[PDB]
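Before any comments, here is the structure.
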Amino acid sequence: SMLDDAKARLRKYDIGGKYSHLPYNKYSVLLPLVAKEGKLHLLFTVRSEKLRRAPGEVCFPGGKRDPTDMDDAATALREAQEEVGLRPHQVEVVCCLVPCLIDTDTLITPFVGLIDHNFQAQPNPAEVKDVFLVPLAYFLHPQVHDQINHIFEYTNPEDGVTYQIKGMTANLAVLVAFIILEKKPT
Ligand SMILES: Cc1ccc(CNC[C@H](C)O)s1
C-alpha cells in the first residue's frame, strides 16, 4: 500500500541513535506525513511573531530538548502536542533522518512521523499563527524564487494563500520527497 511503501523506504535512511549522545544544545523536529485524497502531504506551521527562534517563519513542529524527555523523539512529540494538538497515540515515528549542525554548538534531529487520518490541527495561538499542508510531490517541481538564496512559493488551491518555504525546512522537505517518491511505477 501507499503508507506501507513510504515506511519501508524511510527505514532505509534511519540513522537511529548514532549521533544522539554528543554534547550539543539539542533540538528535535517532527516531519508529519498526512495522507489526503490518495496522496501524501507534509504538515507545516507558521511561527508566531513573539517567539525567540524564527518569528513568523514556516517551520516543522519542534523545539528544545528538556529534562523530562526520555529521548530526542520524545522532544519532537512533546513539542508537536503543545504547538498543534497532536497527541502521541496519533503519530507513528518511523525514523530519524540525518541531523542538521548549526551555529557551531547546536544539533537538530529530524524525525518522520505518520499521522492518524482522524487528526485535526488545533493551532496554539501563543506559538503558531497558522498550520497548513503541502503535497509531498510539490517538492519535486517547486516554484522557485531567488532572493543567491532559493525560496519556494506554494499557493493552496483551496484558498489562494501563498506561503514561502526556505532554509533547513525546504531542504528537509526535498529530502523526504526524494526518499519516498523516487523511482516509482505510475
Ligand atoms: C525546533 C527548531 C529549530 C529551528 C527551527 C526553525 N525552523 C526549522 C525547522 C527545521 O523546520 S524550529
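Taken in order, the sequence shown gives residues 15 to 161, 172 to 210; the numbers are from the deposited numbering.
Idealized CB from N, CA, C, for every residue including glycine.
Provide the residue(s) that pair with residue i in DSSP beta bridges, ordered along the chain.
i    : result
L24  : None, per the DSSP bridge assignment.
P46  : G127
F146 : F58
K53  : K50
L205 : DSSP output for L205 lists no bridge partner at all.
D183 : None; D183 has no bridge partner.
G76  : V43
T120 : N39, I116
Please tell me whether residue i and residue j are closer than 7 Å, where the distance is taken between their beta carbons.
i    : j    : result
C109 : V126 : yes
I203 : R23  : yes
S42  : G76  : yes
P46  : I122 : no
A68  : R61  : yes
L111 : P102 : no
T179 : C73  : no
Between the options, which lies nearest to residue i when the distance is taken from Cα to Cα?
i           : options              : result
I116        : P209, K21, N39       : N39
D19         : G31, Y178, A49, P81  : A49
residue 171 : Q134, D85, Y152, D86 : Within the chain, residue numbering steps from 161 directly to 172, and residue 171 belongs to the interval with no atoms modelled.
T59         : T210, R101, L147     : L147
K53         : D86, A90, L17, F74   : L17
For residue i, which residues from the same chain have a beta carbon less than 8 Å from its beta carbon, with the 5 sequence-adjacent residues on both sides left out?
i    : result
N173 : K190
Quick one: what's got a C-beta closer than 6 Å to residue i's C-beta in the same chain, skipping five residues either side?
i    : result
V198 : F153
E106 : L128
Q157 : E177
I175 : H159, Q188, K190
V145 : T59, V98, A135, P137
Quick one: what's got a C-beta closer than 7 Å to residue i's C-beta in the same chain, skipping five residues either side?
i    : result
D119 : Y38, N39
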